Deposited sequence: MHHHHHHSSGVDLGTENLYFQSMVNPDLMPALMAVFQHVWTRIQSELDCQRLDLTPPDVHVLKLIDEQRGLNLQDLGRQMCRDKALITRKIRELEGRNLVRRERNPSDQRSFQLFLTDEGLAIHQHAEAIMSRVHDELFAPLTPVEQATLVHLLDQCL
């Protein structure tokens, strides 16, 4: 028959079937605007990598991997592509014998700041039709999912 790996053929899902399509439709509205106003093929994980490097000055490949829940080999490949596009740079860590730390270049920081500005602008427009009470309910519900 059909191989489902470690999945159960009788698994019963109870999630509201409109939840994942509603969140993906919101994601598409946000991502389309980011892609259009940036204009280089940055993917949503690329944008998150830049954010983590900017917010955690000098973090290493192991800590980035752990935060992205991706294996060290996959995240190093991603960093080498971003290095190639002059968005990220590796610097020798002084507190070690031979290890490296990640930093954004001037171009990498500029892309991160611009994308963040687009996100801020697009979210303001998208959720303006919600009343302050509905916005607080939305925050509370999104926070419960972590």
- May I ask you to mark the stretches of the deposited sequence that the structure leaves without C-alpha coordinates? 1-9, 49-51
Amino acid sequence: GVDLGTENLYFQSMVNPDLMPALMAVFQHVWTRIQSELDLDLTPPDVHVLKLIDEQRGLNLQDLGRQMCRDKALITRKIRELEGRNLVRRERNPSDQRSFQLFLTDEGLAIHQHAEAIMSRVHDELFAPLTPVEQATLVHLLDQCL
From here on, numbers count along this sequence of modelled residues.
- Going by the entry, of stretches 103-111 and 77-85 the one with greater average Cα B-factor is 103-111
- Query: Where do the C-alpha atoms have the higher mean temperature factor in this entry, in 122-130 or in 9-17?
  - Reply: 122-130
- Item | CA B-factor placement of residue 40, once the chain's modelled residues are sorted into thirds | highest
- Message: Can you tell me whether residue 145 has a C-alpha B-factor in the lowest, middle or highest third compared with the other modelled residues of the same chain?
- Response: middle
- Going by the recorded CA B-factors, say which third of the chain residue 52 sits in, lowest, middle or highest. middle
- Among the modelled residues of its chain, does the C-alpha B-factor of residue 26 lie in the lowest, middle or highest third? lowest
